[PDB]
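Okay, start_1.tsv is below, TSV, N, CA and C atoms:
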```tsv
chain	number	residue	atom	x	y	z
G	317	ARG	N	-8.86	7.93	-4.25
G	317	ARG	CA	-9.29	6.51	-4.04
G	317	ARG	C	-9.30	6.17	-2.55
G	318	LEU	N	-10.46	5.79	-2.03
G	318	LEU	CA	-10.60	5.44	-0.61
G	318	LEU	C	-9.96	6.51	0.27
G	319	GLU	N	-10.40	7.74	0.05
G	319	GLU	CA	-9.87	8.86	0.80
G	319	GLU	C	-10.53	8.83	2.15
G	320	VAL	N	-9.72	8.84	3.20
G	320	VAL	CA	-10.24	8.88	4.56
G	320	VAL	C	-10.67	10.30	4.89
G	321	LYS	N	-11.96	10.48	5.16
G	321	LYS	CA	-12.55	11.77	5.49
G	321	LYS	C	-12.57	12.05	6.97
G	322	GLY	N	-12.55	11.01	7.77
G	322	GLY	CA	-12.58	11.15	9.23
G	322	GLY	C	-12.74	9.83	9.96
G	323	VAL	N	-12.59	9.91	11.29
G	323	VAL	CA	-12.79	8.79	12.21
G	323	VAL	C	-13.52	9.35	13.41
G	324	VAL	N	-14.66	8.75	13.72
G	324	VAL	CA	-15.43	9.15	14.89
G	324	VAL	C	-15.86	7.88	15.61
G	325	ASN	N	-15.62	7.77	16.91
G	325	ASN	CA	-16.00	6.55	17.67
G	325	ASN	C	-15.41	5.28	17.04
G	326	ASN	N	-14.16	5.42	16.58
G	326	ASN	CA	-13.45	4.35	15.90
G	326	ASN	C	-14.11	3.84	14.61
G	327	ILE	N	-14.95	4.69	14.01
G	327	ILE	CA	-15.61	4.35	12.75
G	327	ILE	C	-14.99	5.22	11.70
G	328	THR	N	-14.43	4.61	10.64
G	328	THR	CA	-13.72	5.37	9.60
G	328	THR	C	-14.67	5.64	8.45
G	329	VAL	N	-14.68	6.88	7.98
G	329	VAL	CA	-15.54	7.32	6.91
G	329	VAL	C	-14.62	7.64	5.71
G	330	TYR	N	-14.93	7.03	4.57
G	330	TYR	CA	-14.15	7.14	3.36
G	330	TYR	C	-15.01	7.68	2.23
G	331	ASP	N	-14.41	8.42	1.30
G	331	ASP	CA	-15.09	8.78	0.04
G	331	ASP	C	-14.42	8.12	-1.14
G	332	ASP	N	-15.19	7.65	-2.10
G	332	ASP	CA	-14.61	7.12	-3.35
G	332	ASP	C	-15.57	7.46	-4.48
G	333	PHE	N	-15.03	7.68	-5.68
G	333	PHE	CA	-15.85	8.05	-6.82
G	333	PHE	C	-16.57	6.89	-7.52
G	334	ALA	N	-16.30	5.64	-7.15
G	334	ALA	CA	-16.82	4.49	-7.86
G	334	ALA	C	-18.32	4.52	-7.85
G	335	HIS	N	-18.93	4.27	-9.00
G	335	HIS	CA	-20.39	4.17	-9.04
G	335	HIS	C	-20.92	3.28	-10.16
G	336	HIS	N	-20.04	2.55	-10.85
G	336	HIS	CA	-20.42	1.51	-11.82
G	336	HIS	C	-19.94	0.14	-11.28
G	337	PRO	N	-20.67	-0.96	-11.60
G	337	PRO	CA	-20.32	-2.28	-11.02
G	337	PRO	C	-18.83	-2.66	-10.95
G	338	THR	N	-18.13	-2.58	-12.08
G	338	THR	CA	-16.70	-2.92	-12.12
G	338	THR	C	-15.87	-2.10	-11.12
G	339	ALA	N	-16.05	-0.78	-11.08
G	339	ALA	CA	-15.31	0.03	-10.11
G	339	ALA	C	-15.78	-0.20	-8.67
G	340	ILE	N	-17.08	-0.41	-8.46
G	340	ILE	CA	-17.59	-0.69	-7.10
G	340	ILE	C	-16.94	-1.98	-6.57
G	341	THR	N	-16.88	-2.99	-7.42
G	341	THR	CA	-16.26	-4.28	-7.06
G	341	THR	C	-14.83	-4.08	-6.67
G	342	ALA	N	-14.07	-3.38	-7.51
G	342	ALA	CA	-12.65	-3.11	-7.22
G	342	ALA	C	-12.44	-2.35	-5.92
G	343	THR	N	-13.27	-1.34	-5.71
G	343	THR	CA	-13.17	-0.48	-4.55
G	343	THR	C	-13.45	-1.21	-3.23
G	344	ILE	N	-14.52	-1.98	-3.16
G	344	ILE	CA	-14.79	-2.80	-1.97
G	344	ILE	C	-13.67	-3.82	-1.75
G	345	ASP	N	-13.17	-4.43	-2.82
G	345	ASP	CA	-12.07	-5.38	-2.70
G	345	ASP	C	-10.79	-4.75	-2.18
G	346	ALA	N	-10.50	-3.55	-2.65
G	346	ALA	CA	-9.31	-2.83	-2.19
G	346	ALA	C	-9.44	-2.49	-0.71
G	347	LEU	N	-10.65	-2.15	-0.27
G	347	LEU	CA	-10.88	-1.81	1.13
G	347	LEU	C	-10.77	-3.06	2.00
G	348	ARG	N	-11.37	-4.16	1.53
G	348	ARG	CA	-11.33	-5.45	2.23
G	348	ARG	C	-9.92	-5.91	2.47
G	349	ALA	N	-9.07	-5.72	1.47
G	349	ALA	CA	-7.66	-6.04	1.56
G	349	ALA	C	-6.97	-5.36	2.75
G	350	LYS	N	-7.45	-4.20	3.14
G	350	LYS	CA	-6.87	-3.42	4.27
G	350	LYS	C	-7.59	-3.67	5.60
G	351	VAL	N	-8.91	-3.88	5.57
G	351	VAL	CA	-9.69	-3.96	6.80
G	351	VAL	C	-9.94	-5.39	7.28
G	352	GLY	N	-9.69	-6.38	6.41
G	352	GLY	CA	-9.77	-7.79	6.81
G	352	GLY	C	-11.19	-8.05	7.22
G	353	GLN	N	-11.38	-8.70	8.36
G	353	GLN	CA	-12.74	-9.06	8.80
G	353	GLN	C	-13.60	-7.93	9.40
G	354	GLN	N	-13.03	-6.72	9.51
G	354	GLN	CA	-13.82	-5.57	10.02
G	354	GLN	C	-14.88	-5.20	9.00
G	355	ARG	N	-15.99	-4.63	9.48
G	355	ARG	CA	-17.17	-4.47	8.67
G	355	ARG	C	-17.04	-3.31	7.71
G	356	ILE	N	-17.44	-3.55	6.47
G	356	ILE	CA	-17.64	-2.55	5.43
G	356	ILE	C	-19.14	-2.25	5.29
G	357	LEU	N	-19.47	-0.98	5.53
G	357	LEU	CA	-20.82	-0.46	5.31
G	357	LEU	C	-20.76	0.35	4.00
G	358	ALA	N	-21.29	-0.23	2.93
G	358	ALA	CA	-21.19	0.38	1.62
G	358	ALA	C	-22.36	1.31	1.39
G	359	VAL	N	-22.08	2.56	1.02
G	359	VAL	CA	-23.13	3.60	0.85
G	359	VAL	C	-23.02	4.15	-0.57
G	360	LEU	N	-23.98	3.85	-1.43
G	360	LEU	CA	-23.89	4.12	-2.87
G	360	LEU	C	-24.94	5.10	-3.34
G	361	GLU	N	-24.48	6.07	-4.14
G	361	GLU	CA	-25.36	6.88	-4.92
G	361	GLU	C	-25.16	6.49	-6.39
G	362	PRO	N	-26.11	5.74	-6.96
G	362	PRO	CA	-26.02	5.41	-8.39
G	362	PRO	C	-26.41	6.57	-9.31
G	363	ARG	N	-25.94	6.49	-10.56
G	363	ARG	CA	-26.33	7.41	-11.65
G	363	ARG	C	-27.23	6.70	-12.68
G	373	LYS	N	-27.90	-4.44	-12.84
G	373	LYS	CA	-28.91	-4.72	-11.80
G	373	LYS	C	-28.56	-5.95	-10.98
G	374	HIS	N	-28.54	-7.12	-11.63
G	374	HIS	CA	-27.85	-8.27	-11.03
G	374	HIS	C	-26.33	-8.02	-10.96
G	375	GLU	N	-25.75	-7.43	-12.00
G	375	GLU	CA	-24.36	-7.00	-11.90
G	375	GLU	C	-24.12	-6.00	-10.75
G	376	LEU	N	-25.05	-5.06	-10.53
G	376	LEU	CA	-24.85	-4.11	-9.45
G	376	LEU	C	-24.91	-4.84	-8.11
G	377	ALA	N	-25.91	-5.70	-7.91
G	377	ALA	CA	-25.97	-6.49	-6.68
G	377	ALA	C	-24.68	-7.26	-6.43
G	378	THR	N	-24.19	-7.95	-7.47
G	378	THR	CA	-22.96	-8.73	-7.35
G	378	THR	C	-21.81	-7.87	-6.93
G	379	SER	N	-21.76	-6.63	-7.41
G	379	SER	CA	-20.64	-5.72	-7.09
G	379	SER	C	-20.64	-5.36	-5.61
G	380	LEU	N	-21.81	-5.43	-4.97
G	380	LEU	CA	-21.96	-5.02	-3.58
G	380	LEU	C	-21.93	-6.17	-2.58
G	381	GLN	N	-21.75	-7.38	-3.06
G	381	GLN	CA	-21.97	-8.57	-2.25
G	381	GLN	C	-21.01	-8.81	-1.10
G	382	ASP	N	-19.78	-8.26	-1.17
G	382	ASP	CA	-18.83	-8.42	-0.12
G	382	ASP	C	-19.08	-7.49	1.04
G	383	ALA	N	-19.92	-6.46	0.85
G	383	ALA	CA	-20.10	-5.47	1.92
G	383	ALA	C	-21.00	-6.05	2.98
G	384	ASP	N	-20.60	-5.83	4.23
G	384	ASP	CA	-21.34	-6.36	5.39
G	384	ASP	C	-22.75	-5.78	5.58
G	385	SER	N	-22.91	-4.53	5.17
G	385	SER	CA	-24.22	-3.88	5.13
G	385	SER	C	-24.20	-2.88	3.97
G	386	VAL	N	-25.33	-2.76	3.30
G	386	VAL	CA	-25.46	-2.00	2.06
G	386	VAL	C	-26.57	-0.94	2.20
G	387	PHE	N	-26.24	0.28	1.76
G	387	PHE	CA	-27.15	1.42	1.77
G	387	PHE	C	-27.12	2.08	0.40
G	388	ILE	N	-28.28	2.21	-0.22
G	388	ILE	CA	-28.37	2.89	-1.50
G	388	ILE	C	-29.32	4.09	-1.46
G	389	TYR	N	-28.84	5.21	-1.97
G	389	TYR	CA	-29.64	6.43	-2.07
G	389	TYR	C	-30.33	6.39	-3.41
G	390	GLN	N	-31.65	6.56	-3.42
G	390	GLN	CA	-32.37	6.59	-4.70
G	390	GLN	C	-32.78	8.02	-4.98
G	391	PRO	N	-32.07	8.67	-5.92
G	391	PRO	CA	-32.26	10.07	-6.19
G	391	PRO	C	-33.44	10.27	-7.11
G	396	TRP	N	-35.06	3.82	-12.45
G	396	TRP	CA	-35.13	2.38	-12.17
G	396	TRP	C	-35.20	2.07	-10.67
G	397	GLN	N	-35.57	0.82	-10.38
G	397	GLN	CA	-36.00	0.40	-9.06
G	397	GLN	C	-34.85	-0.26	-8.28
G	398	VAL	N	-34.51	0.37	-7.17
G	398	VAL	CA	-33.42	-0.09	-6.31
G	398	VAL	C	-33.77	-1.40	-5.58
G	399	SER	N	-35.06	-1.62	-5.34
G	399	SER	CA	-35.54	-2.79	-4.62
G	399	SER	C	-35.16	-4.08	-5.31
G	400	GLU	N	-35.10	-4.02	-6.63
G	400	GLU	CA	-34.78	-5.20	-7.40
G	400	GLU	C	-33.29	-5.51	-7.19
G	401	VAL	N	-32.46	-4.49	-7.08
G	401	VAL	CA	-31.06	-4.71	-6.78
G	401	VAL	C	-30.86	-5.30	-5.38
G	402	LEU	N	-31.56	-4.76	-4.40
G	402	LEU	CA	-31.33	-5.20	-3.03
G	402	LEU	C	-31.93	-6.58	-2.71
G	403	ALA	N	-32.95	-6.99	-3.44
G	403	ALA	CA	-33.53	-8.32	-3.25
G	403	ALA	C	-32.49	-9.46	-3.32
G	404	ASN	N	-31.37	-9.24	-4.00
G	404	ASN	CA	-30.39	-10.32	-4.16
G	404	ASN	C	-29.41	-10.42	-3.00
G	405	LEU	N	-29.43	-9.41	-2.15
G	405	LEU	CA	-28.46	-9.33	-1.08
G	405	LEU	C	-29.17	-9.77	0.20
G	406	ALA	N	-28.60	-10.71	0.95
G	406	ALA	CA	-29.24	-11.21	2.18
G	406	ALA	C	-28.59	-10.62	3.46
G	407	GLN	N	-27.43	-9.99	3.31
G	407	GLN	CA	-26.95	-9.12	4.37
G	407	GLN	C	-27.89	-7.90	4.47
G	408	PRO	N	-27.79	-7.16	5.57
G	408	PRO	CA	-28.65	-5.99	5.65
G	408	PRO	C	-28.44	-5.07	4.45
G	409	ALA	N	-29.55	-4.74	3.79
G	409	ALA	CA	-29.53	-3.91	2.59
G	409	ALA	C	-30.75	-3.02	2.60
G	410	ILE	N	-30.51	-1.73	2.46
G	410	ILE	CA	-31.58	-0.74	2.58
G	410	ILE	C	-31.42	0.39	1.56
G	411	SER	N	-32.55	0.91	1.09
G	411	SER	CA	-32.52	2.12	0.25
G	411	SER	C	-33.24	3.26	0.97
G	412	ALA	N	-32.86	4.50	0.66
G	412	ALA	CA	-33.53	5.68	1.19
G	412	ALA	C	-33.57	6.72	0.07
G	413	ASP	N	-34.63	7.51	0.08
G	413	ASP	CA	-34.81	8.56	-0.94
G	413	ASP	C	-34.50	9.96	-0.41
G	414	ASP	N	-33.84	10.04	0.75
G	414	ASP	CA	-33.50	11.30	1.39
G	414	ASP	C	-32.17	11.10	2.10
G	415	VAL	N	-31.24	12.03	1.94
G	415	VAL	CA	-29.89	11.87	2.51
G	415	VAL	C	-29.87	11.85	4.06
G	416	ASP	N	-30.61	12.75	4.70
G	416	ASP	CA	-30.66	12.73	6.17
G	416	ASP	C	-31.23	11.41	6.71
G	417	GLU	N	-32.28	10.90	6.06
G	417	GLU	CA	-32.85	9.59	6.40
G	417	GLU	C	-31.82	8.48	6.23
G	418	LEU	N	-31.07	8.50	5.12
G	418	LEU	CA	-30.02	7.52	4.88
G	418	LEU	C	-28.96	7.62	5.99
G	419	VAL	N	-28.60	8.82	6.41
G	419	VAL	CA	-27.66	9.00	7.53
G	419	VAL	C	-28.20	8.33	8.80
G	420	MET	N	-29.48	8.49	9.07
G	420	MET	CA	-30.08	7.81	10.23
G	420	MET	C	-29.99	6.30	10.09
G	421	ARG	N	-30.32	5.77	8.90
G	421	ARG	CA	-30.21	4.33	8.68
G	421	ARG	C	-28.79	3.84	9.00
G	422	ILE	N	-27.79	4.55	8.52
G	422	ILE	CA	-26.38	4.20	8.77
G	422	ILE	C	-26.00	4.24	10.25
G	423	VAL	N	-26.42	5.30	10.95
G	423	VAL	CA	-26.07	5.50	12.35
G	423	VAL	C	-26.71	4.43	13.21
G	424	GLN	N	-27.86	3.93	12.78
G	424	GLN	CA	-28.53	2.90	13.50
G	424	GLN	C	-27.78	1.57	13.47
G	425	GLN	N	-26.96	1.33	12.46
G	425	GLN	CA	-26.23	0.09	12.34
G	425	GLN	C	-24.74	0.19	12.67
G	426	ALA	N	-24.16	1.39	12.56
G	426	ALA	CA	-22.71	1.54	12.63
G	426	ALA	C	-22.18	1.36	14.04
G	427	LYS	N	-21.07	0.63	14.15
G	427	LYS	CA	-20.46	0.28	15.42
G	427	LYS	C	-18.95	0.58	15.33
G	428	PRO	N	-18.29	0.86	16.45
G	428	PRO	CA	-16.85	1.02	16.46
G	428	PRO	C	-16.15	-0.09	15.71
G	429	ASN	N	-15.15	0.33	14.95
G	429	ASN	CA	-14.33	-0.51	14.08
G	429	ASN	C	-14.94	-0.70	12.67
G	430	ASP	N	-16.13	-0.18	12.40
G	430	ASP	CA	-16.71	-0.23	11.06
G	430	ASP	C	-16.01	0.75	10.13
G	431	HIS	N	-16.20	0.49	8.84
G	431	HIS	CA	-15.67	1.26	7.75
G	431	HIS	C	-16.81	1.66	6.83
G	432	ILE	N	-17.15	2.95	6.85
G	432	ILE	CA	-18.27	3.47	6.06
G	432	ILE	C	-17.72	3.97	4.74
G	433	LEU	N	-18.07	3.28	3.67
G	433	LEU	CA	-17.50	3.58	2.35
G	433	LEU	C	-18.56	4.30	1.50
G	434	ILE	N	-18.33	5.57	1.23
G	434	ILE	CA	-19.27	6.40	0.52
G	434	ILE	C	-18.86	6.49	-0.95
G	435	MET	N	-19.67	5.94	-1.82
G	435	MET	CA	-19.36	5.82	-3.23
G	435	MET	C	-20.33	6.69	-4.04
G	436	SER	N	-19.77	7.74	-4.67
G	436	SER	CA	-20.53	8.73	-5.47
G	436	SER	C	-19.55	9.60	-6.15
G	437	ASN	N	-19.84	10.06	-7.38
G	437	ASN	CA	-18.96	11.09	-8.00
G	437	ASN	C	-19.49	12.50	-7.74
G	438	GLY	N	-20.50	12.64	-6.88
G	438	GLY	CA	-21.03	13.94	-6.49
G	438	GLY	C	-20.95	14.21	-4.99
G	439	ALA	N	-21.57	15.30	-4.56
G	439	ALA	CA	-21.45	15.73	-3.16
G	439	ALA	C	-22.27	14.88	-2.19
G	440	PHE	N	-23.32	14.23	-2.71
G	440	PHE	CA	-24.16	13.31	-1.92
G	440	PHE	C	-24.67	14.04	-0.68
G	441	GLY	N	-25.08	15.30	-0.87
G	441	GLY	CA	-25.61	16.18	0.19
G	441	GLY	C	-24.67	16.47	1.33
G	442	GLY	N	-23.38	16.28	1.10
G	442	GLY	CA	-22.40	16.33	2.15
G	442	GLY	C	-22.52	15.23	3.18
G	443	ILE	N	-22.81	14.01	2.73
G	443	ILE	CA	-23.14	12.94	3.65
G	443	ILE	C	-21.95	12.55	4.52
G	444	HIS	N	-20.72	12.67	4.00
G	444	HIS	CA	-19.58	12.37	4.86
G	444	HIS	C	-19.50	13.30	6.08
G	445	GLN	N	-19.76	14.59	5.90
G	445	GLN	CA	-19.81	15.53	7.03
G	445	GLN	C	-20.99	15.26	7.93
G	446	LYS	N	-22.13	14.94	7.32
G	446	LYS	CA	-23.32	14.56	8.11
G	446	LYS	C	-23.05	13.39	9.04
G	447	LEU	N	-22.38	12.38	8.52
G	447	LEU	CA	-22.00	11.21	9.31
G	447	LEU	C	-21.01	11.54	10.42
G	448	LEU	N	-19.95	12.28	10.14
G	448	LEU	CA	-18.98	12.64	11.16
G	448	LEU	C	-19.65	13.39	12.30
G	449	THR	N	-20.59	14.27	11.98
G	449	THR	CA	-21.38	14.93	13.00
G	449	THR	C	-22.31	13.95	13.73
G	450	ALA	N	-23.07	13.15	12.99
G	450	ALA	CA	-24.09	12.30	13.60
G	450	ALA	C	-23.49	11.17	14.46
G	451	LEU	N	-22.32	10.67	14.07
G	451	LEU	CA	-21.63	9.59	14.79
G	451	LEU	C	-20.95	10.01	16.09
G	452	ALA	N	-21.02	11.30	16.42
G	452	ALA	CA	-20.51	11.84	17.68
G	452	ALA	C	-21.67	12.17	18.62
```
Turn the structure described in the file into structure tokens.
Amino acid sequence: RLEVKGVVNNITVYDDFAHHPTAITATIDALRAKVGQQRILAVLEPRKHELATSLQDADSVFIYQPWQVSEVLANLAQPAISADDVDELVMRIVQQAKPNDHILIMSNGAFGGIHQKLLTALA
């Protein structure tokens, strides 16, 4: 749960298995409890209005599309983006990520090794 995979440029990268609305909600809330006002960048690999609601506390939202993700993101007015390629999604993240951010990677799979991709790309 919220396993810290690394810190690069004061940006913490975490992995968590949550990928259904109820667990996503709990997981972001548990992270918020620790990080306070510091930014949560939520990065989800799913397996709709409930899903949007589960992501609403995250300061920026990234969804990998491996149904239509656009309908989920339309409800979120914070920065929210989908990508259909893991390296592209890593670029999207790196373009927004700043020191003191918390990148929360939510998937029960390898997600192309995105946590390692980020630790490399953020340096």
Exercise. Find the residues near residue 336 of chain G: any atom within 7 Å, counting only N, CA and C atoms, skip ones fewer than 4 places away on the same chain, and give them as number ranges by chain.
Key: G: 340-341, 376
Self-check item: All residues 8 Å or closer to residue 359 of chain G, all atoms listed in the file, same chain fewer than 5 positions away omitted, as number ranges by chain
Solution: G: 385-389, 431-436
Practice problem: Dig up all the protein and nucleic acid residues within 9 Å of (-14.7, -3.8, -0.3) in the file frame, using only C-alpha atoms, and format them as a list in words. | Solution: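 Within the cut-off we find residues 340, 341, 342, 343, 344, 345, 346, 347, 348, 349, 351, 356, 357, 358, 380, 381, 382, 383 and 433 of chain G.
Among G:419, G:428, G:361, G:350, the residue with the shortest atom-to-atom distance to residue 446 of chain G, counting only N, CA and C atoms, is G:419.
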Practice problem: Identify, on the basis of only C-alpha atoms, every residue whose closest approach to residue 323 of chain G does not exceed 8 Å; exclude the query and any residue fewer than 5 positions from it along the same chain; express the result as a PyMOL selection string. | Solution: chain G and resi 328-329+448
Practice problem: Please identify which residues in chain G DSSP calls strand (DSSP E or B) from the backbone, and express them as a PyMOL selection string. | Solution: chain G and resi 319-324+327-332+356-360+385-389+409-412+431-435
Store the residues picked out above, limited to N, CA and C atoms, as a CSV table (one decimal), in the frame of the given file.
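Dumped to part_35.csv:
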```
chain,number,residue,atom,x,y,z
G,319,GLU,N,-10.4,7.7,0.0
G,319,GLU,CA,-9.9,8.9,0.8
G,319,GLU,C,-10.5,8.8,2.2
G,320,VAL,N,-9.7,8.8,3.2
G,320,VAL,CA,-10.2,8.9,4.6
G,320,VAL,C,-10.7,10.3,4.9
G,321,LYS,N,-12.0,10.5,5.2
G,321,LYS,CA,-12.6,11.8,5.5
G,321,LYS,C,-12.6,12.0,7.0
G,322,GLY,N,-12.6,11.0,7.8
G,322,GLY,CA,-12.6,11.2,9.2
G,322,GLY,C,-12.7,9.8,10.0
G,323,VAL,N,-12.6,9.9,11.3
G,323,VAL,CA,-12.8,8.8,12.2
G,323,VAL,C,-13.5,9.4,13.4
G,324,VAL,N,-14.7,8.8,13.7
G,324,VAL,CA,-15.4,9.2,14.9
G,324,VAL,C,-15.9,7.9,15.6
G,327,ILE,N,-15.0,4.7,14.0
G,327,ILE,CA,-15.6,4.4,12.8
G,327,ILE,C,-15.0,5.2,11.7
G,328,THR,N,-14.4,4.6,10.6
G,328,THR,CA,-13.7,5.4,9.6
G,328,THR,C,-14.7,5.6,8.4
G,329,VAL,N,-14.7,6.9,8.0
G,329,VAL,CA,-15.5,7.3,6.9
G,329,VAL,C,-14.6,7.6,5.7
G,330,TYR,N,-14.9,7.0,4.6
G,330,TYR,CA,-14.2,7.1,3.4
G,330,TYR,C,-15.0,7.7,2.2
G,331,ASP,N,-14.4,8.4,1.3
G,331,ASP,CA,-15.1,8.8,0.0
G,331,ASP,C,-14.4,8.1,-1.1
G,332,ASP,N,-15.2,7.6,-2.1
G,332,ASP,CA,-14.6,7.1,-3.4
G,332,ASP,C,-15.6,7.5,-4.5
G,356,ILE,N,-17.4,-3.6,6.5
G,356,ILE,CA,-17.6,-2.6,5.4
G,356,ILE,C,-19.1,-2.2,5.3
G,357,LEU,N,-19.5,-1.0,5.5
G,357,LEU,CA,-20.8,-0.5,5.3
G,357,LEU,C,-20.8,0.4,4.0
G,358,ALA,N,-21.3,-0.2,2.9
G,358,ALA,CA,-21.2,0.4,1.6
G,358,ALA,C,-22.4,1.3,1.4
G,359,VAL,N,-22.1,2.6,1.0
G,359,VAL,CA,-23.1,3.6,0.8
G,359,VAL,C,-23.0,4.2,-0.6
G,360,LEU,N,-24.0,3.8,-1.4
G,360,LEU,CA,-23.9,4.1,-2.9
G,360,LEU,C,-24.9,5.1,-3.3
G,385,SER,N,-22.9,-4.5,5.2
G,385,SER,CA,-24.2,-3.9,5.1
G,385,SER,C,-24.2,-2.9,4.0
G,386,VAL,N,-25.3,-2.8,3.3
G,386,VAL,CA,-25.5,-2.0,2.1
G,386,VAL,C,-26.6,-0.9,2.2
G,387,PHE,N,-26.2,0.3,1.8
G,387,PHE,CA,-27.2,1.4,1.8
G,387,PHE,C,-27.1,2.1,0.4
G,388,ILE,N,-28.3,2.2,-0.2
G,388,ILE,CA,-28.4,2.9,-1.5
G,388,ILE,C,-29.3,4.1,-1.5
G,389,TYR,N,-28.8,5.2,-2.0
G,389,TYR,CA,-29.6,6.4,-2.1
G,389,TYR,C,-30.3,6.4,-3.4
G,409,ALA,N,-29.6,-4.7,3.8
G,409,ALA,CA,-29.5,-3.9,2.6
G,409,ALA,C,-30.8,-3.0,2.6
G,410,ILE,N,-30.5,-1.7,2.5
G,410,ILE,CA,-31.6,-0.7,2.6
G,410,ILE,C,-31.4,0.4,1.6
G,411,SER,N,-32.6,0.9,1.1
G,411,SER,CA,-32.5,2.1,0.2
G,411,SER,C,-33.2,3.3,1.0
G,412,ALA,N,-32.9,4.5,0.7
G,412,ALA,CA,-33.5,5.7,1.2
G,412,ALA,C,-33.6,6.7,0.1
G,431,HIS,N,-16.2,0.5,8.8
G,431,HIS,CA,-15.7,1.3,7.8
G,431,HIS,C,-16.8,1.7,6.8
G,432,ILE,N,-17.2,3.0,6.8
G,432,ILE,CA,-18.3,3.5,6.1
G,432,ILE,C,-17.7,4.0,4.7
G,433,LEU,N,-18.1,3.3,3.7
G,433,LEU,CA,-17.5,3.6,2.4
G,433,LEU,C,-18.6,4.3,1.5
G,434,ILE,N,-18.3,5.6,1.2
G,434,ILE,CA,-19.3,6.4,0.5
G,434,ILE,C,-18.9,6.5,-1.0
G,435,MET,N,-19.7,5.9,-1.8
G,435,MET,CA,-19.4,5.8,-3.2
G,435,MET,C,-20.3,6.7,-4.0
```
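Closest approach to residue 447 of chain G among G:423, G:331, G:319, G:363 is made by G:423 (distances from all atoms listed in the file).
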Self-check item: DSSP-assigned helix (DSSP H, G or I) among segment 327-405 of chain G, expressed as a list in words
Solution: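 Selecting the helix (DSSP H, G or I) positions of segment 327-405 of chain G gives residues 337, 338, 339, 340, 341, 342, 343, 344, 345, 346, 347, 348, 349, 350, 351, 374, 375, 376, 377, 378, 379, 398, 399, 400, 401 and 402 of chain G.
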Using only N, CA and C atoms, find all polymer residues with an atom at most 5 Å away from the point (-18.4, 11.2, 2.7); report them as an mmCIF file with N, CA and C atoms, in the frame of the given file.
```
data_model
loop_
_atom_site.group_PDB
_atom_site.id
_atom_site.type_symbol
_atom_site.label_atom_id
_atom_site.label_comp_id
_atom_site.auth_asym_id
_atom_site.auth_seq_id
_atom_site.Cartn_x
_atom_site.Cartn_y
_atom_site.Cartn_z
ATOM 1 N N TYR G 330 -14.930 7.030 4.570
ATOM 2 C CA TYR G 330 -14.150 7.140 3.360
ATOM 3 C C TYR G 330 -15.010 7.680 2.230
ATOM 4 N N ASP G 331 -14.410 8.420 1.300
ATOM 5 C CA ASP G 331 -15.090 8.780 0.040
ATOM 6 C C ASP G 331 -14.420 8.120 -1.140
ATOM 7 N N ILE G 443 -22.810 14.010 2.730
ATOM 8 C CA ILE G 443 -23.140 12.940 3.650
ATOM 9 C C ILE G 443 -21.950 12.550 4.520
ATOM 10 N N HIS G 444 -20.720 12.670 4.000
ATOM 11 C CA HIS G 444 -19.580 12.370 4.860
ATOM 12 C C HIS G 444 -19.500 13.300 6.080
ATOM 13 N N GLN G 445 -19.760 14.590 5.900
ATOM 14 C CA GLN G 445 -19.810 15.530 7.030
ATOM 15 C C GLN G 445 -20.990 15.260 7.930
#
```
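Atom pair atom CA of residue 452 of chain G / atom CA of residue 360 of chain G has a distance of 22.2 Å (rounded to one decimal).
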Self-check item: Shell of 6.5 Å around segment 390-406 of chain G, all atoms listed in the file, local chain residues under 5 positions omitted, as an NGL selection string
Solution: :G and (361 or 373-374 or 376-377 or 411-414)
Complete the atom set of segment 332-339 of chain G to N, CA, C and O atoms and return it as a PDB file, in the coordinates of the input.
```pdb
ATOM      1  N   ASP G 332     -15.190   7.650  -2.100  1.00  0.00           N
ATOM      2  CA  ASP G 332     -14.610   7.120  -3.350  1.00  0.00           C
ATOM      3  C   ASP G 332     -15.570   7.460  -4.480  1.00  0.00           C
ATOM      4  O   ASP G 332     -16.779   7.495  -4.280  1.00  0.00           O
ATOM      5  N   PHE G 333     -15.030   7.680  -5.680  1.00  0.00           N
ATOM      6  CA  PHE G 333     -15.850   8.050  -6.820  1.00  0.00           C
ATOM      7  C   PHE G 333     -16.570   6.890  -7.520  1.00  0.00           C
ATOM      8  O   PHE G 333     -17.395   7.143  -8.414  1.00  0.00           O
ATOM      9  N   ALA G 334     -16.300   5.640  -7.150  1.00  0.00           N
ATOM     10  CA  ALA G 334     -16.820   4.490  -7.860  1.00  0.00           C
ATOM     11  C   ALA G 334     -18.320   4.520  -7.850  1.00  0.00           C
ATOM     12  O   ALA G 334     -18.933   4.813  -6.819  1.00  0.00           O
ATOM     13  N   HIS G 335     -18.930   4.270  -9.000  1.00  0.00           N
ATOM     14  CA  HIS G 335     -20.390   4.170  -9.040  1.00  0.00           C
ATOM     15  C   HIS G 335     -20.920   3.280 -10.160  1.00  0.00           C
ATOM     16  O   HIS G 335     -22.132   3.276 -10.417  1.00  0.00           O
ATOM     17  N   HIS G 336     -20.040   2.550 -10.850  1.00  0.00           N
ATOM     18  CA  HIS G 336     -20.420   1.510 -11.820  1.00  0.00           C
ATOM     19  C   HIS G 336     -19.940   0.140 -11.280  1.00  0.00           C
ATOM     20  O   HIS G 336     -18.952   0.081 -10.548  1.00  0.00           O
ATOM     21  N   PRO G 337     -20.670  -0.960 -11.600  1.00  0.00           N
ATOM     22  CA  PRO G 337     -20.320  -2.280 -11.020  1.00  0.00           C
ATOM     23  C   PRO G 337     -18.830  -2.660 -10.950  1.00  0.00           C
ATOM     24  O   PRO G 337     -18.345  -3.061  -9.889  1.00  0.00           O
ATOM     25  N   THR G 338     -18.130  -2.580 -12.080  1.00  0.00           N
ATOM     26  CA  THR G 338     -16.700  -2.920 -12.120  1.00  0.00           C
ATOM     27  C   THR G 338     -15.870  -2.100 -11.120  1.00  0.00           C
ATOM     28  O   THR G 338     -15.068  -2.655 -10.344  1.00  0.00           O
ATOM     29  N   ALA G 339     -16.050  -0.780 -11.080  1.00  0.00           N
ATOM     30  CA  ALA G 339     -15.310   0.030 -10.110  1.00  0.00           C
ATOM     31  C   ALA G 339     -15.780  -0.200  -8.670  1.00  0.00           C
ATOM     32  O   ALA G 339     -14.971  -0.169  -7.730  1.00  0.00           O
TER      33      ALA G 339
END
```
